[PDB]
Amino acid sequence: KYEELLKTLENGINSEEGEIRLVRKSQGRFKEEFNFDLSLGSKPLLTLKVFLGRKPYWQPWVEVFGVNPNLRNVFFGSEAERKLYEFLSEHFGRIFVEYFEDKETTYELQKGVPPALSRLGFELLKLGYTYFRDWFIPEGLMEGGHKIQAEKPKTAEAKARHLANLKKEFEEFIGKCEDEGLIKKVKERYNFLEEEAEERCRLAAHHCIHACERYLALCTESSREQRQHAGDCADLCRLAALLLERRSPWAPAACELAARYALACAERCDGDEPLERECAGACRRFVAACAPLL
Amino acid sequence: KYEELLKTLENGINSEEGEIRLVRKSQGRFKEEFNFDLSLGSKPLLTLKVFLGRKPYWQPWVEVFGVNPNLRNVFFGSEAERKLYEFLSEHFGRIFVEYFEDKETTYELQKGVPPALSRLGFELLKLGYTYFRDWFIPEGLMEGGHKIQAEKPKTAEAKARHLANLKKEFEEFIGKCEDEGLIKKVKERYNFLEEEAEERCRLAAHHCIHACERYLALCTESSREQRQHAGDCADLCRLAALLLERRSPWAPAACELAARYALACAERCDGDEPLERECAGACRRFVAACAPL
Amino acid sequence: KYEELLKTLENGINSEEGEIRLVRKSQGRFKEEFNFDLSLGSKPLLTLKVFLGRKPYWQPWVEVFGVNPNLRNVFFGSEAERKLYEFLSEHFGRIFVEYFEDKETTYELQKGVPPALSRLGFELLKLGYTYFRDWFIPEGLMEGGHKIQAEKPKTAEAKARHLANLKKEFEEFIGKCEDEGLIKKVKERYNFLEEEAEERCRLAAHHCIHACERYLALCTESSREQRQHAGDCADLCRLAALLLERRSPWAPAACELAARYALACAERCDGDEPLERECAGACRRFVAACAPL
Amino acid sequence: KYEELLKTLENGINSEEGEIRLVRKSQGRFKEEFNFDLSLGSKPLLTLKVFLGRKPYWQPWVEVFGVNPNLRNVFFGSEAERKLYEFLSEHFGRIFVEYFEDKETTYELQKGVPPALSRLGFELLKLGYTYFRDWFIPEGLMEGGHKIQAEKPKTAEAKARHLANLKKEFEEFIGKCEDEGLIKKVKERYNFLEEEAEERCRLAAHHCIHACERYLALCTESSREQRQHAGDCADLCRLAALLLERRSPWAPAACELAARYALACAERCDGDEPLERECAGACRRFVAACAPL
Amino acid sequence: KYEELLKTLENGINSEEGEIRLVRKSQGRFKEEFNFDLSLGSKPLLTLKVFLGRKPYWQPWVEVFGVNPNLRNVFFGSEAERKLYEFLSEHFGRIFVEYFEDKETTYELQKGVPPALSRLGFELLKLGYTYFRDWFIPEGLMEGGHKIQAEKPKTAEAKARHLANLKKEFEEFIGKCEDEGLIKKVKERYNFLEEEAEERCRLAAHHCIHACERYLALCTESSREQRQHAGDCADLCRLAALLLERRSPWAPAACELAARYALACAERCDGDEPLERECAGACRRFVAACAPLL
Amino acid sequence: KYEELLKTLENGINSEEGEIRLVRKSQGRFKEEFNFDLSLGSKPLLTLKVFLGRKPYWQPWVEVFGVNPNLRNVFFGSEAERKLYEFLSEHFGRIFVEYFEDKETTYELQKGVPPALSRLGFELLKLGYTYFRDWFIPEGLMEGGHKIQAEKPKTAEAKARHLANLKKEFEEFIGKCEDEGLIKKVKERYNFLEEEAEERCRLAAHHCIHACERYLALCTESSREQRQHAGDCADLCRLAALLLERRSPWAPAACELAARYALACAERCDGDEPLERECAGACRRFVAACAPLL
């Protein structure tokens, strides 16, 4: 677990803004803790502070800080930044990021944007981090207190709680804002999250319906509670589909429901056959397509 | 209006228990207020105290009280009771009924049953009265204070307001009660409503549906957030009937979805024109139908 | 007290609509309780139910009810109504008036107008009744429950308590109402009060002013926090009259300042002596005057 | 039940002020409802309006009202009043008494005395009525609304519920009142109760004590958390009597301890058997006794 | 902006307790951040940690810490201390100050004095800092957590909110205290703030009245809404004046009001003339004299 | 005060897990502040950070941190650990302890055990620390934020408030837990606290009763308010005794009360005699035996 990191950074992480490399390393406060100094090309970029974990009670986390102010406009918002986080998410469930050198994000948070929807928070949201905390402790009191903390959801349940929470704070945010430029930006971000879910739902439903359609169709010895299951599930997935194909905002409400009786259709039509292997199957992939919506 | 009454009561109402007749009438405290004493068969039955209204600010109401105790087990739960309320429901939007002589209603109310779902209150609910109050003022203080008051909803908006609250009142009792017979009785009363509600949805959605088709069709100068609104509303309402069609089990969930984005259509398609008047109208008559679900 | 009454009512009250006469009287439920039926001209008018008091614990009160419907558009809004209340205000600190037959009052109350500012309630407000209750108990439950109850303030302290609350009640209605005619009517009723309140201030400040001059002057053994208190109070009250003098627009702000540090003078200059009795007194009669501002 | 009444009232109740007799009776609004007019000596006294009950859902009640004002200083505070309530307490679990003609009660209620501790309410408290309501609806609105309503406790559980609340109501008044005579009167009324409560404890603990001895003794198949429960309860109750024995000053603190772990015995030793029925029973009759302490 | 500081400390800051001089400097955590070590005379005194700002989203701040315990009773409460803060306010809108070595202030805060009214907080209050935070994080958890943070108000509005807030906490404080010595001290402080405002109001009113007096007096073509404006404003300023001349506590309530119709008089009587140049003028200086009261 | 520490650690603190010794020392942030590095036998163990106090406003405190992860299972839970804290309580009223290297305690806190009843918190509870705070600041935000802080009660009053508080949180805890193993552990701990108090109460009562018994017995010129005092107190102490001898849970409720009228008996029966010297005496020792219960 420790070496996937050290070796990945030793070879380097490439980017169009320069290649990201390890400059210096040092032991952190605990035995499972380390400081990694990084360069971009040859110039100093930032430091990672890492804790590797101690099973079972202590999770790994990584802290990115000490960004070179001279690279702040170059780095923040660059594919360099993206590729670094992509790498970190592969290994760390909790991440902290100092935002002093990030003018965009800084500005946005000060205007009340939910943390998950700021320039920087959304980079992490895209990578699956769902629970956010915005720290802004006065540096005069304690330094290094201007950080976004982000964690991946431990269950399907918290994840939905969190997305529900972000949905609430967004709408609450939309309602109090009076910057036309800012609102538009914030909205592109939600849609993009909404949008990617809607497009997979569009298809999973297609092939959930056809699984349900084909199921009740030719499968010989089935119930009527089951041809009412595959029967109705397919029609839910149909309407869900209708709203999503016209890209209507009321689609996920439809998707959410259709998911329930795809789950109900999945759960109860399954067994050993090829058809209920794929009907219940396609439902569950339909039930799955719906979760990141809400 | 008063002569409509005097004529019916003099004429009689037939029932398995005898004819209900006007015995005697008299002028009340007010100008449009009257007391009608009724007999059932050969015996005295009860009094109606009626107010005919003073439009627009004073609604008509009727109070049923002073039941003959010799007839107490004869009247409550009878065709006589139905025939009278069925009758009264046609002229009064507001009704009061003393339930002292009705042990069922009494017992049920004493054990926490919502008034609309009590033996007596339920008869009124069948006839369209949606708002209920259970009064139980001590007689040592003021005479004439054990009454169920019930009202017809003032608007489609109110009609739905009353029913949603009643659903909420229903589940609380259900969960906190521990008498199965009572619970079975009450659930049964509740269930009958839902089933009748589904058939009410079959049509209300219909004259709601041809209303949204009619709205987005010819009404040109509307927003386009509105035609996605009126557009999606209709199809939600389209899918729903389909489930009641086959009388399907996964139906009440859907009308519940379809009703929420039927309300959003009502709210956002406001207007002075005929086209948006009947559109929002037809949507809202569907939602009221939907509430006990 | 009762003979004062019997004599006046037998004698008559003159008005543009006819003479109000005692038709018939009768002993009530209690010893000092009586019903007086009145005629207006040739026709029956209404009943007064009166209580004469049982000092100190039972205040006198009068209830106006049972209005002749043939005269309903004749009486409400008339010299007859004024003459009766103007009369009643001289003997009863508490009054009840059924407003069923008064559509204005009805409508206004139904649309959320505070009772004191309704057509009917306002007549009572003019006569010094400051505390109001709008009762609207359903007649199916209890007969005789649509009444405005109004009371004269028990103290200068109460007098001001009632009026401050009414100002608060006024602005809420103003802001949430969307009927200009009604709002204009109500603001007009409100405005008339303020204007009359300003002239009430012209004098109340006066016999408040010579009271503080009189207080700090000769009363020696008082604190010195008190003479800055009574001292500043007076001059605040001095500057204020000056603005009402010229009937100036920047006036109501000032009495509002002067009233706050008139209250602080009341509160801190307490005492058994005549000098502090009339000082705090005269300050407090000024504040009550000030409240609707 | 009604003939028990008619006979007693016709017969008379003797007292220092004269014989109370039935003057006249009449059928009320309901079947078991009757009005009895009474005379005291040669003069008319008051009316009883009575309800005999309709088991199980309608408790009997009696309302005392319409007192002869010529006798107002004769009746309230008299053997006549005691003899009537002492009598009524034997047939009615619920009582209403108009207190208009009782200045003491009036004054006390007007000055914030809890009803049970007012002159009138206290007479009822002596007879076992534990739940009180002081009604004071304005007569301009509804006639017959100044009454004390008092009820016998429905269970040992309720009996204690009423008394604990009254203790709480007592200390608030005590602390916020500044009339020593009134406070002395009220404390005196309160004190008399506590003293009588202690003797009530002497026995209730007793038939509570032999009940727990009887419980843990032979009842074998009980938990062992229960025999420490029933075990400790009893000894707490054992130590307590010992302090009332000598009528000791450190006593009320102890019954207060012993009552808390008497309640825990009630709560945890539940059961269908006779042995746990009378055990929890005897514990709970002790706690109700304990509450005013 | 950076050099006004470095040079001012290089020449020195004088005081009767010794001269304040720069001993050592060092780069802080960010590029715009620095540590300045200071001496008093020749002896070590304290360190400043400074952030210079990064327009537009990051304000400058300065942190004073690491006070020599040996100079704690000499330094705290001295003109040396005063002159140092006077200098800092000239350049920094936010300041943090460690109070371990300050027995007076420490004691007072522990007794509940609002932070703005403690020995040390009032030194800063005098210099215009209006928003306060009292930090007392356990040093065992985090060191350097016993600090007063103080900021200047960003608007006239917040300033009044803050003064209102301090007025509320003071009165609330007065009411719960039972130390005769402490209360007296706390009160001298409020008065001094109250007092300095009252004395300028005394005069601004004098010359606001005379501006209004002279205005309605000789100015030929004016309205009656305007001779009611200058007319009434002058009389407000008069009463205000009366209460302030007898030094009555109820004066600022009067001053506050008179300000409104001095503002109303200022706003509406102004235009091109010499007289409304100075009438509206004198009102606005009267409206201005009133603000620091409340 | 400073040297009792330095010398005690120089000679060493012994334990069966090895002897605890000073490795290195260093000056802390303040003049009254120090870092002590410690060894177990010859191996590194942990660091103490100490503040010695500055009378009157600043209490001493000590911070234990930087535990060797390699000794974490050896150290935590060992008599070595016990003896170190025993020593610290003798000199410090406030203590902070880092718990990363403590698997037992860590696990338990994460399950909601009141801090005073965790493995580590109870070690301190036994030593008289009564007020607890559980810190778990994210190390990514600030390191060294996973600590238990514990303080001794400043008065008899707070102490009872605290014990009452722990009693409330315990019962509240018992009610929400669903780990049979964990609950049992948590309960042994409360009982042990409850138990040690009950056993002293058993005896103090014995000799309080006999003090009261002997008092009213032979003492010639006494009141009847006094023979009602010693009279009744003895009987309270008797019942209290009865419940405690059968070890009934309802005993301290009895003990609590009996304490009141032992106090009442103590206070009022005392004076110059040998008997009221010991009666009031024995009561007060009875009143005293009761306090740590609740």
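Each chain carries a letter (A, B, C, D, E and F) given by its place in the written order, and its residues are counted from 1.
Just so we're on the same page, a residue touches a chain if its C-beta (ideal position, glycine included) is under 8 Å from a C-beta of that chain, and two chains touch if they have at least 3 such contacts.
The mean-CA centres of chain C and chain D are about 44 angstrom from one another, to the nearest whole unit.
Between chain A and chain D, the centres computed from C-alpha atoms are 68 Å apart. Look at where the CA atoms of chain A average out and do the same for chain F: the two points lie 48 Å apart. Multi-chain contact residues of chain C (touching two or more other chains) are listed as 142, 144. Judged by the touch criterion defined above, the protein chains form a pattern that is neither an open path, a ring nor a star, and not fully connected either. By the contact rule set out at the top, the touching chain pairs are A-B, A-E, A-F, B-C, B-D, C-D, C-E, D-F, E-F. Contact residues on chain E toward chain C in their complex (touch as defined above): 228, 232, 235-236, 238-239, 242-243, 246, 248-250, 253-254, 257, 260-261, 264. Of all residues in chain D, only 66, 69, 100, 103, 106-107, 110, 138-144 touch chain C in the complex they form.
Contacts from chain E toward chain A in the complex involve residues 29-32, 49, 51, 54, 57-58, 61-63, 94-96, 135, 137, 142, 144-145, 147, 149.
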